[PDB]
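Okay, here we've got a single chain as structure tokens, the form deposited in one PDB entry, with questions on binding and movement later.
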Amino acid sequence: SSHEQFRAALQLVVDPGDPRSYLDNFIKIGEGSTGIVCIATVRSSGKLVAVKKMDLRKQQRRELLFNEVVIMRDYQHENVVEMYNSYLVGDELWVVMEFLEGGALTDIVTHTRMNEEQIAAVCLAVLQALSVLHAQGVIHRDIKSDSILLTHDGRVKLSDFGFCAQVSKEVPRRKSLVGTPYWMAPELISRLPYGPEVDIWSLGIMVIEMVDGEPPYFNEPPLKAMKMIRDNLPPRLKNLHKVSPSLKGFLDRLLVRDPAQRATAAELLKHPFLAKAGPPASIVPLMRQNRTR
């Protein structure tokens, strides 16, 4: 199909009109591999929103742009960032989202040590979201610290659904090479049909982020990191001797090469490691000060 055909199809899927009719003060605040995010203000109320802008021409696989705007429309969950509206503006898809004033987990893991009360809190929030999404056949496919956002009071919400997918009884597995190389599950890199289990592996890589500060193989070329994830034993914590046996045991249920033996989100919510999870207040110090690893 041509670019004009794709644009016309996406136009039928999004909300009509131009959101510049009610938004002001577009300022870029961050980016992903598929586009940028701006803060903006609703002109009549002063409400702050985040606007993701993705150029229809600059996508590796532009049909992925259908997925979030359809799958996640009207989705409501305590631990999921809200999508308000979506629009076509020129050759860009704009998705108007909830603004999460605490920013991304990435800026925490690069600036401070996290204790296990805080790591368990983050894991519990993400698994509460994933258990509900996976039960509806939604695979996130891009779990990583960049995808976890915080409120100023320390609540945790999952974002970055641009790569998500839908499985069903009729189409129970995906086969697309989708995600971020260092976090990708080995069966996904292997081009095997896969399901929600890939999110659990990615969550395990994010635990390594929270313990060590970076995922495995992070200054390796991405194609080389992907080969090592596919071919090597599951990656290991740099700070292995610093974590509790409970954390190690939890991680050992995530970084399981065989997806059939990997724990599910619902199974993980029962794990004793998550009994350590602190309340939102336990997370707030991570946004206000830095403590070295």
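Quick note: we count residues from 1 along the sequence shown, nothing fancier. For the two forms, the rigid core is made up of the largest set of C-alpha atoms that agree within 1.5 Å on superposition.
**Request:** Report the stretch with the higher mean CA temperature factor, choosing between 234 to 242 and 50 to 58 on the basis of the entry.
**Result:** Comparing 234 to 242 with 50 to 58, the higher mean C-alpha B-factor belongs to 234 to 242.
**Of 83 to 91 and 169 to 177, the stretch whose C-alpha atoms average the higher B-factor in the entry** = Per the PDB record, 169 to 177.
**Prompt:** Looking at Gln118, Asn219, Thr151, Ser145, which has the highest CA B-factor as recorded?
**Reply:** Of the candidates given, the C-alpha B-factor peaks at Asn219.
**Request:** For the C-alpha B-factor as written in the entry, point me to the maximum among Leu251, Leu64, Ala225, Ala263.
**Result:** Among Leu251, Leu64, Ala225, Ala263, the highest C-alpha B-factor in the entry belongs to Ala225.
**Asked** If you rank every modelled residue in this chain by C-alpha B factor, which third holds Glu78: lowest, middle or highest?
**Response** Highest third.
**Message:** Quick check on the deposited entry: does the C-alpha B-factor of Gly103 sit in the lowest, middle or highest third of its chain?
**Reply:** For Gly103, whose C-alpha B-factor we compare with every modelled residue in the chain, the answer is the lowest third.
**Message:** Using only modelled residues of the chain, where does the Cα B factor of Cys38 rank: lowest third, middle third or highest third?
**Reply:** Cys38: CA B-factor falls in the lowest third of its chain.
**Asked** Relative to the other modelled residues in the chain, which third contains the C-alpha temperature factor of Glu214: lowest, middle or highest?
**Response** Its C-alpha B-factor, which the entry lists for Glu214, ranks in the highest third among residues of this chain.
**Message:** Lowest, middle or highest third: which one holds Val69 when the chain's residues are ordered by CA B-factor from the entry?
**Reply:** Middle third - that is where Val69 ends up once the chain's C-alpha B-factors are sorted.
Keep in mind that the form deposited in another entry is missing from the display, and what follows is about it.
**Asked** Any chance the CA of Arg262 moves 2 angstroms or more between this form and the one not shown, core superposed?
**Response** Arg262 C-alpha, core-superposed: shift of less than 2 Å.
**Prompt:** Cα of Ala281 displaced 2 Å or more between this form and the one not shown, core superposed?
**Reply:** False for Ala281: its C-alpha shift is below 2 Å.
**Asked** Cα of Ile39 displaced 2 Å or more between this form and the one not shown, core superposed?
**Response** Comparing the forms between this form and the one not shown, which are aligned on their rigid core, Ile39 does not shift its C-alpha by 2 Å or more.
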